[PDB]
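Some notes on the structure that comes next.
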Amino acid sequence: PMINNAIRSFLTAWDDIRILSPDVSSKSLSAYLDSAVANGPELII
Amino acid sequence: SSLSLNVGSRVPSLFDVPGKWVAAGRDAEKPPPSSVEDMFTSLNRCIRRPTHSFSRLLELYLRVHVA
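So this is what it looks like as structure tokens:
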């Protein structure tokens, strides 16, 4: 009853902090890797 | 909302006190006939309404049988 309120408060404490996050997927891996592509010197001219 | 038991409940803060004082000035003022009839019509609506239940304390008091 009262101890379940501490359960409900805690599981909604971490869930709100967890959903306050950017989306993590393999798209973020390619989007981070796109930043390392554009700063490339042209050597083969 | 975090402790999650009530919403908008009346708790006696000090901002009720200008609401308590100013409403204690218009109580002695003569009400208009628009206010009396609105008070009057709310009586007949309160009497004739089909709410045939008590308050949720007296409905809980009547479980207790004393002798």
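Protein sequences appear in the order of chains K and A.
For PDB author numbering, count along the first sequence from 1 and bump the result up by 150.
For PDB author numbering, count along the second sequence from 1 and bump the result up by 1006.
Note that CB positions come from ideal geometry on N, CA and C, so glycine has one too.
Backbone secondary structure at residue i - three-state DSSP
{"i": "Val1042 (chain A)", "result": "helix"}
{"i": "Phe160 (chain K)", "result": "helix"}
{"i": "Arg1016 (chain A)", "result": "coil"}
{"i": "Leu1049 (chain A)", "result": "helix"}
{"i": "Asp166 (chain K)", "result": "helix"}
Any non-hydrogen atom of the ligand SAH within 6 Å of residue i CB
{"i": "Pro191 (chain K)", "result": "Inclusion of the ligand SAH in the displayed structure is not the case, the ligand content being empty and no account of it being possible."}
Extent of the continuous alpha helix (DSSP H) run through residue i
{"i": "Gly1025 (chain A)", "result": "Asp1022 to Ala1029"}
{"i": "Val187 (chain K)", "result": "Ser176 to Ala188"}
{"i": "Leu170 (chain K)", "result": "Element bounds for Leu170 (chain K): n/a, residue is neither H nor E."}
{"i": "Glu192 (chain K)", "result": "Here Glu192 (chain K) belongs to no alpha helix (DSSP H), and DSSP marks it neither H nor E."}
{"i": "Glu1065 (chain A)", "result": "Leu1064 to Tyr1067"}
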